[PDB]
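First the structure, in the form of structure tokens, and then the observations on it.
What is reported rests on the model, the rules as stated and the sources as named; nothing here is a laboratory result. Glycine gets a Cβ as well: all are built from the backbone with ideal geometry, and neighbour counts include every protein chain shown.
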Amino acid sequence: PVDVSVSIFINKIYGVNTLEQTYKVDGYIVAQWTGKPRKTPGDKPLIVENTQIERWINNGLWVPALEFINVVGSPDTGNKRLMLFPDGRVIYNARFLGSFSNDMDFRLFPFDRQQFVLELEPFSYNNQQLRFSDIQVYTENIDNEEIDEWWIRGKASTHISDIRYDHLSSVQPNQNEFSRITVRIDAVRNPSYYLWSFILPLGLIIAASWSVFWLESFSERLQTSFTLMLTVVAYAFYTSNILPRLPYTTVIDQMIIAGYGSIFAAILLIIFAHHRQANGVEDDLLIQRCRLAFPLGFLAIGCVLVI
Amino acid sequence: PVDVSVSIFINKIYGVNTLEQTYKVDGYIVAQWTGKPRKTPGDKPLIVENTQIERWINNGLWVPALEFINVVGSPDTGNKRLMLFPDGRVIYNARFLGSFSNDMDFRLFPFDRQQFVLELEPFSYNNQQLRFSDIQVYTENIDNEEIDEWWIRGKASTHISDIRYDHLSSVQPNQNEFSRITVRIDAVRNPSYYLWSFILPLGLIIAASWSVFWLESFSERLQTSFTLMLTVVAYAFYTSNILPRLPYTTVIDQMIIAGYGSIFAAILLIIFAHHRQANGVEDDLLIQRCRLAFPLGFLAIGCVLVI
Amino acid sequence: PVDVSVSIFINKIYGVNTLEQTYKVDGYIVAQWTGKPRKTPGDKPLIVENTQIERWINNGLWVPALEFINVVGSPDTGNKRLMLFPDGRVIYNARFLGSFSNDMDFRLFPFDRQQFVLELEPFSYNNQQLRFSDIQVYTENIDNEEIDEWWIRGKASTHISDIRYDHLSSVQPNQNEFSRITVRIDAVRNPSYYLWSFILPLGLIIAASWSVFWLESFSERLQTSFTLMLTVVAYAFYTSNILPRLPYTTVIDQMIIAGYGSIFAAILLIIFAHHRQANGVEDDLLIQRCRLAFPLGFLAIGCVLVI
Amino acid sequence: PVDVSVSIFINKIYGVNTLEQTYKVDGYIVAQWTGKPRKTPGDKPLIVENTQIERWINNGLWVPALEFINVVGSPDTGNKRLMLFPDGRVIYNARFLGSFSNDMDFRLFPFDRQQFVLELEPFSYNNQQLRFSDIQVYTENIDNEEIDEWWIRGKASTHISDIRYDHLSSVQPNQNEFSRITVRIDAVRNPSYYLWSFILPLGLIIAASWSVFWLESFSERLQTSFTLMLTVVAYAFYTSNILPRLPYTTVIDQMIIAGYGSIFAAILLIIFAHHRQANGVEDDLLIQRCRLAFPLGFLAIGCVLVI
Amino acid sequence: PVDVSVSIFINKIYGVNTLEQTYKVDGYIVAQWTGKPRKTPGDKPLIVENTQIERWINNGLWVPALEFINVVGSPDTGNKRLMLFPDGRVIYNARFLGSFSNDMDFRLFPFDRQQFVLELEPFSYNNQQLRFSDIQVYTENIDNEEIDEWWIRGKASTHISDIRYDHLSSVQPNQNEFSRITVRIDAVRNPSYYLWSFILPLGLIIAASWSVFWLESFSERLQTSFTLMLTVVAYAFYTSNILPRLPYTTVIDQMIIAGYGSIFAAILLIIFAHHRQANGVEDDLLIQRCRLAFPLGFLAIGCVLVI
């Protein structure tokens, strides 16, 4: 069972595809194991870069393929390196850029909490053939949180485990528990942009929506609400065009629906006030002055949405 | 006739292209057959990964090309593997990411029922040369339905069959029925987002459209319907910009048309009421009070559209 | 002069780029010719798949490059196959996906009639070296026309011809008429989506535009037309964002212009009616009642646009 | 100094990226030179296609790399060909698709005059090693100008010249003037679509904007201009979403700004008319009748913009 | 310690991805070092182009891999060249197109000051093995600033330094300070387009917003501001669709918020004026005439935003 020591260096995490639940990672992989002692020129470690690596493999050098389990497609591999020590030990170093998959919940956008995961596992060698001795992850990030879209919180969670496959090759005894490395990085979304440019004015719209009751005439009260309705549509559009596409409603989406509801509820009351009468024009002096009733009734329903 | 046992592992199904009728699948293929007994180092099965596979083929190893019949373009192949057993048997394992084609009906969006199909067939070897002994599909999915766009329903329907080609080479005996594997996975669209963010407010618009009849004056009744018309246009825009592009109308599309019709019908009636008179301003006391006539007349036409 | 028999199998025609006048084709090519008799293992035809083909060419196997004349870029090639018969004959089979170029007229969108063309020609061998004996095309399509964007009409038109190049090497006798295969597939656009979701409501807008004359007051008549103008703009936007980009106007585009014209003409008349007077407020009783004059005058100009 | 004769065949020029100042070219390159006499099978010219070319270079065939100086990225190379004559001369023929860079001025859009440039230069061989003897360019285009986005005017300008590099190796004598071929193709944009679908209705908007002065009341005059302002915004959006992205304003963009100005100027005058008084409601009978003053004053400013 | 002389030629800097903090660079790299004297054919320098380079490396030619530290993905490499002199020295020349990463602050858009950085470092060889002797950068740009999106200011800033890695191999003496080249190019955004097409009309909107106070009636004053609110939403949409996506607010974004505030503040005062009375309709003769109070009060808050 070959003991493999792994090191991951994370340079950049970007390009989150919400719909695909995907994110891009740039960094380096270092994998170390001890083979049989070699004779290197001089005695210093031998360096074998890109193209030459294949040439060594052909001559019988064992270099196990390490698969990224949760990679979408196949990574852009930059430079490759083999460091061959005379004492036997071998070090493989390579830069990579890949698209990774993970379960991502965006319900509470733009206040998401996400975690970026990497799953490493030998493509063909089982736990008895190849085993992950240890792993360290270096997230050389820091500073300038207000400049980046995501705020990295922890350092990097790590877990070496053994994954069992129940249906595999023509083997039944115990060659079935490939060892898997799982790296987890917690992150929080920078909610500044969405708060100031989306939440805030949307609030002002909903608030100004209620100002329709301060109008004197019934015709004024009613006709103005159609423009108000059309305003919310225009905002929904502005929101939808810029925000990330999802298969579910976010907090903002709910706020939008709330806006439609408030205006429609106002429409109903306005018509009601006018025609619920004991003459014809008996506009209920109190109901027309619900200028304070449902604005705070909206704040009650809004606080109920938090529950 | 070589007996080939196949195994497909499906990891992820995403990125449906409605216009192209296309979807992306990430997973692994396992193919097994029995060749002539080999002499492996020691006696344990020999593993041959990526690059080295070509080398073995060059020395005469028979590795038949299995084409994905319904693939669009050519799949991103990740790691490849050959497992060579001394008793003869050979196992080929490879990860893939592909775009696949299938007939997709989107007429009843967002309540579509779709099925994701995979078609496997030997590229060059006919049924008498190469035959598919059996196939098992593993869809290791489950849980979190309300997080994913699509809800997988069944487990995986499978069909091994023999496909006859009527026009081939200048060969005449019976070498024309290549064996094909067909995998089918049924799926249902998560309609939640479209119901709450599209259907619901659209309904409110159509409903509030009818509130034009509660207006007193004729000028009021008429002018307001122009803003109402403009509102439906703004919504059609908002709808179209976000919804998938299709060469046919969906349920939502029909709802939009219905909205245009309701308003246009109201325009006609409003003008009619005013000018269908026995004086000039004889606005038919009952026709102006069709505030209940066609809202339910719309619910009759709406229920007729279900038939 | 080598006689080459060709067979093209078309699987899918999709992804029309209007601006580039491009379309994507997936299918197979089969090329057959007779070489010098070989000695195959056993006596049955020898199969040579992908990688091994290059190896045979290196040893002197003549495999002539067939260029797609009207291909944009270079096709994604899938699996390749050589079938080598002992009697000499050779069959090359390959799957392809390419972007192809052709003159495409979109003036009468969404009622275009298009034809998809394929042009095959030997890259380096002239008519006296290599000649196309025959060609058959199999468009295995059928059914579900209302599901697909395009409706294939005929079977496939075919033409083998000889193309003369006037400027090549310093060669004079007659090595200049490369033989070219030209496949033509006629198709019609599925106009349903555009009729119901674009043409229909656009018509309703234009028709409702004329309802401005049923307004009593001059201020009502004029102010309302500004909303009406703004409505057409919103529609032009909705249209333009969804419809394909073109360097020329379509039928729909012309409809839009007609919309602007109707409203602008109305604006002119409205102002004219009011100020062409014998006092100040002499709104010409008949010109204000042009509520029927130019709606059918628009139907006369619309029918003139067909001529 | 090897004399190289070059021939470029241009098939298609498309996909202009305005922001990148890029355009796509599909075509063929023919390069000819005379080497030392060979012994070809028989005596006829020997053809060496794609893969086999590398094999010949490895055996010492000199095939100089010709770099496309203004190519963005590296060209999609289709088929390659070497024609080897027994008298010594060599012809290299290859199809290419590339993204090319050139200074592009889009100030006067949609009336741009552009020129598509190609720059060919030997990658490593200087004028004393390799020299471009002659070059002919074939632009096999013609007809259907109203169908294509761009109208090619000339026949293609050519220039062979010598480019001196001042900073190279520690080399001082005269190996520093690589020979460069420069091809120029002049072209004009098809302005039809932008004239009818953008310029024309934008004109109508600006013209109708001035109709605000024919309104009787001050409140009518003022309130209507806010819808008018909103109309220009909607148009700017419609324009911006469809037109190419640029880092500078075009003619159309200026027209938009003119629209904003006209309305804002009207706003100022309207308010001024009302409040510049000798009583309070003394609306200057002449200034309110600037229904003709600044429409033609706009046509004076518009004709000044041409200067 | 091998002395390496580097030369970078920058042809084009384009395609800035604001979200990814990425930019594209086209150019050439020249690397020079002196090896052991060779015997070249004749005596002149030997040129080895693309494919042939690998062949030389296989035979023991040392060609050290130089990694682009801040590259996203892996560069499109064009033509490669080796120049081998007999005196020993070796010159490697290659064209590249890459996506590079750097900290980019876009807060003060469209008046950003950015700097494009390139970081070069040997992939495997430390400062004692390989050392950067010198570097010169040639930015052959100039002229036509008003045609390009970015205006290059300086000539490039250059810095050779030694980067120490703290966690490496089981090596302890001092093999840890790889030598790194850092190139910096300062640039300024061309603000013309955003000033004239965004800032200017946005200003006119805000200015015209304040014209609501010149309206006589309270109903006019209030109802008009709902259109005015809707106008700002339409503008935000227009802005957001065309401007670059960021995770923070820009100057323009702030201007938009200011617009929402101005209108909402106006709404509050308008309602206040009307209902803050000593009777019912005592609209405060001075507060209604704050037609000049807060327009300059906004110019005070606007000037305070600069502090």
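Under the condition of being over 18 Å from the mean Cα position of the chain (by Cα) and in a strand (DSSP E or B), the residues counted in the stretch B:141-199 number 8.
For the stretch C:183-197, check the following and say yes or no: at least one residue is hydrophobic (A, V, I, L, M, F, W, C), in contact with a helix residue (DSSP H, G or I) (Cβ under 9 Å, 6 or more places away or on another chain), at negative phi and at the interface with chain B (Cβ under 10 Å from one of its Cβ atoms).
Filtering the stretch C:183-197 down to residues hydrophobic (A, V, I, L, M, F, W, C) leaves C:183, C:185, C:187-188, C:195-196.
Those still in the list that are in contact with a helix residue (DSSP H, G or I) (Cβ under 9 Å, 6 or more places away or on another chain) too: C:196.
Those left that are additionally at negative phi: C:196.
Of the ones still in play, those that are also at the interface with chain B (Cβ under 10 Å from one of its Cβ atoms) are C:196.
Yes: one or more hits.
One residue alone among E:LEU299, E:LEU222, E:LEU246 is more than 33 Å from the chain's Cα centre (by Cα) and not assigned by CATH to the domain that holds E:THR22, and that residue is E:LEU222. Among the residues of the stretch D:97-116, some residue qualifies, meaning at least one is touching a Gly at 6+ places or on another chain (Cβ under 7 Å) and outside the structural domain of D:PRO244 (by CATH). Based on what the data block shows, is D:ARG113 among the basic types (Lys, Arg), within 13 Å of chain C (Cβ to nearest Cβ) and more than 25 Å from E:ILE47 (Cα to Cα)? Taking the combined requirement at face value, the residue does not satisfy it. Among the residues of the stretch C:267-307, just one is of a type in the set (S, T, N, Q) and within 16 Å of C:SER209 (Cα to Cα), namely C:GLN288. The residues on offer are E:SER217, E:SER262, and the sole one that is within 16 Å of D:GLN223 (Cβ to Cβ) and not assigned by CATH to the domain that holds E:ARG113 is E:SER217.
If you filter the stretch B:44-67 down to residues that are closer than 14 Å to A:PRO64 by Cβ and of a type outside the set (A, V, I, L, M), you find that the one that is surrounded by the fewest Cβ atoms within 10 Å (Cβ to Cβ) is B:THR51.
Answer yes or no as to whether D:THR158 is under 27 Å from D:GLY35 (Cβ atoms), surrounded by 14 or more Cβ atoms within 10 Å (Cβ to Cβ) and of a type in the set (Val, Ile, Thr). Can you show your working first?
Details: under 27 Å from D:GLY35 (Cβ atoms): yes; surrounded by 14 or more Cβ atoms within 10 Å (Cβ to Cβ): yes; of a type in the set (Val, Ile, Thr): yes.
Yes: the conditions hold for D:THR158.
When B:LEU222, B:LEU195 are checked against the criterion of being under 26 Å from B:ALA293 (Cβ atoms) and hydrophobic (A, V, I, L, M, F, W, C), B:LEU222 stands alone in meeting it. The residue of the stretch A:1-42 that is surrounded by the most Cβ atoms within 10 Å (Cβ to Cβ), among those that are farther than 26 Å from B:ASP26 by Cα, within 12 Å of another protein chain (Cβ to nearest Cβ) and touching a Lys or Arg at 6+ places or on another chain (Cβ under 8 Å), is A:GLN32. Of the listed requirements (1) part of a strand (DSSP E or B); (2) at positive phi, B:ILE47 misses just one: (2).
Note on the stretch E:44-58: among residues that are among the polar types (S, T, N, Q) and more than 11 Å from chain A (Cβ to nearest Cβ), the one that is farthest from D:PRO173 (Cα to Cα) is E:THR51. A count restricted to the stretch C:237-255 and to residues that are at the interface with chain D (Cβ under 7 Å from one of its Cβ atoms), under 13 Å from D:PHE198 (Cα atoms) and assigned to a helix (DSSP H, G or I) stands at 3. The set of residues in the stretch B:67-109 that are under 24 Å from C:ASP76 (Cβ atoms), more than 8 Å from every other protein chain (Cβ to nearest Cβ) and part of a loop (DSSP other than H, G, I, E, B) comprises B:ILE69, B:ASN70, B:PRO75, B:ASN102. Can you find even one residue in the stretch D:278-301 that is closer than 19 Å to E:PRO201 by Cβ and not aromatic (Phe, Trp, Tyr)? Yes: the stretch D:278-301 contains one or more residues that are closer than 19 Å to E:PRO201 by Cβ and not aromatic (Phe, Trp, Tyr). Does C:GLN277 count as in contact (Cβ under 8 Å) with a residue 40 or more places away in the chain and more than 23 Å from D:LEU195 (Cβ to Cβ)? No; evaluated as a whole, the condition is false for this residue.
None of B:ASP76, B:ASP105 is within 30 Å of B:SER192 (Cα to Cα) and free of Cβ contacts under 8 Å to residues at least 40 places away in the same chain except B:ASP105. The numbered conditions (1) more than 11 Å from every other protein chain (Cβ to nearest Cβ); (2) touching a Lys or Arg at 6+ places or on another chain (Cβ under 7 Å); (3) under 29 Å from D:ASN79 (Cβ atoms) are all true for C:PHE123 except (1).
For the stretch D:177-210, filtering for residues that are surrounded by fewer than 21 Cβ atoms within 10 Å (Cβ to Cβ), over 27 Å from D:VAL137 (Cβ atoms) and either of a type in the set (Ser, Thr, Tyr) or not assigned by CATH to the domain that holds D:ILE270 (or both) leaves 2. Restricting D:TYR165, D:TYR235 to those that are surrounded by 20 or more Cβ atoms within 10 Å (Cβ to Cβ) and hydroxyl-bearing (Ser, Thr, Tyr) reduces the list to D:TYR235. Restricting attention to the stretch D:280-307, report how many residues are within 19 Å of D:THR227 (Cβ to Cβ) and without any contact (Cβ under 8 Å) to a residue 40 or more places away in the chain. Qualifying residue count for the region: 0. Can you find even one residue in the stretch E:114-126 that is polar (S, T, N, Q) and outside any strand (DSSP E or B)? Yes.
Screening the stretch D:211-222 for residues that are assigned to a helix (DSSP H, G or I), touching a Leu at 6+ places or on another chain (Cβ under 8 Å) and within 9 Å of chain C (Cβ to nearest Cβ) and picking the one that is surrounded by the most Cβ atoms within 10 Å (Cβ to Cβ) gives D:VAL212.
State yes or no: is B:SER169 among the small types (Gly, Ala, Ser) and either under 25 Å from B:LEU246 (Cβ atoms) or in the same structural domain as B:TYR248 (by CATH) (or both)? No, not satisfied.
The condition of being small (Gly, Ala, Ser) and either more than 7 Å from every other protein chain (Cβ to nearest Cβ) or in contact (Cβ under 8 Å) with a residue 40 or more places away in the chain (or both) holds for only one of D:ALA234, D:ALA208, D:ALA258, that being D:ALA258. Going through the stretch B:127-141 one residue at a time, which ones are buried (at least 20 other Cβ atoms within 10 Å of the Cβ) and within 14 Å of chain C (Cβ to nearest Cβ)? If the condition is that a residue be buried (at least 20 other Cβ atoms within 10 Å of the Cβ) and within 14 Å of chain C (Cβ to nearest Cβ), then B:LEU130 is the only one that fits. Test B:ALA207 against the criterion of being in a helix (DSSP H, G or I) and either within 30 Å of A:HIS274 (Cβ to Cβ) or in contact with a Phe, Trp or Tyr (Cβ under 6 Å, 6 or more places away or on another chain) (or both), and give yes or no. When the stated conditions are applied, B:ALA207 passes them. Answer with yes or no whether E:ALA265 is more than 27 Å from A:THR224 (Cβ to Cβ) and either of a type outside the set (A, V, I, L, M) or part of a helix (DSSP H, G or I) (or both). No, not satisfied.
Within the stretch E:268-300, being part of a loop (DSSP other than H, G, I, E, B) and surrounded by 14 or more Cβ atoms within 10 Å (Cβ to Cβ) holds for E:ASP283, E:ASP284, E:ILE287, E:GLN288, E:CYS290, E:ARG291.
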